[PDB]
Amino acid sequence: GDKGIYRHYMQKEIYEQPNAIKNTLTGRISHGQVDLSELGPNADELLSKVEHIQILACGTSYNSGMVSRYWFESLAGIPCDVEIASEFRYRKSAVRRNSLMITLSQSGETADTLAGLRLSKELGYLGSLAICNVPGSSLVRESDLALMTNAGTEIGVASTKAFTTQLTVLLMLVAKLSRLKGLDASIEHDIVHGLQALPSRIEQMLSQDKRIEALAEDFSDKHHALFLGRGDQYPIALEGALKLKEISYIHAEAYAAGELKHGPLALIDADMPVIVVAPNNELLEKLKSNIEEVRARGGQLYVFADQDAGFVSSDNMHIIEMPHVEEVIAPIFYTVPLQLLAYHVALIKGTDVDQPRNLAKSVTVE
């Protein structure tokens, strides 16, 4: 494909996010409501019968499914389980009643994910839905239903727009299910308004790629990093650490923010910066208290946070202020600074951003 003004496909793909998200919403928002009529005329009968959602995926696609679990449960009130596809395909699982199988895949060809879908056909699920970026791929062809992300081809080996568009489709599905369950109409309106505003917020943020370049300079010589997030931001911490592993080759590990004290705190020093993704005040107070315990070793927190929270930087706590955004789309929004941080560290180090060592665009063979 053509990179145009971008140095790398992955860079182009990060900057395409606003347009990719706009494109994923196209035709699916009708009169302020999510319109998934592309699924056909029996889609709602199937979807209304759903009492549990099972999501299978690998790599970055597992991280978007993990965010969505918080949304399906807290917003649509539907039990949701998300699992690495290789874990699912090799174990004897207990299928839940009226369970919908959802696969997430940029390529639609990942061997483990495809194996999970094929296996599920014999396990008693209500049916399957493929959320994918490649039309006519195996996962799309073999699922009962498919919702394409419409992000355009993604050439970077590491997924960027495929992830945020997966999150966009997932959030539309949460909205549609909250309505099929006859839940408060505000749930869907909040989602629609958050989604429609998203492209322009990301565009805004993409223009402030300077505080990110500076943090990148701080991380470019580090060999370890700890990414922390709570709730729907924990999977964003997962994706941020995965991105730093993928293209900068730094040993970045994500962890639930509430578990820092249960192990990882013993590792922290000046060579292992701790990144916190969008904490509320109560959480940041606990984390600051934890970082104070490792002050003697130079432990530092780097916090991406809503400017409205009023956090103030200190010598070992650096607030990277972000514009206030709608809570419903916050996980999508906070992904972007972490993609850019990895990209900038990779640029500084001169690593192969588009084809990182030992990784593949899709693992299609066992």
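Residue numbers here begin at 1 and follow the sequence given.
Two stretches are in play, 302-310 and 47-55, and the higher mean C-alpha B-factor belongs to 47-55.
Stretches 128-136 and 216-224 differ in mean C-alpha B factor, with the higher average recorded for 128-136. The PDB entry assigns its highest CA temperature factor, among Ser61, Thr335, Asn42, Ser68, to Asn42. The PDB entry assigns the greatest CA B-factor among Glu87, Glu188, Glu246, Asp144 to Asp144. When the CA B factors of the chain's modelled residues are split into thirds, the value for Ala254 lands in the lowest one. Ranked within its chain, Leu25 lands in the highest third, by CA B factor from the PDB record.
Ranked by C-alpha B-factor against the other modelled residues of its chain, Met322 falls in the highest third. Sort the chain's modelled residues by C-alpha temperature factor and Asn98 lands in the highest third, per the entry. In the deposited entry, the Cα temperature factor of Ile5 sits in the top third of values across the chain's modelled residues.
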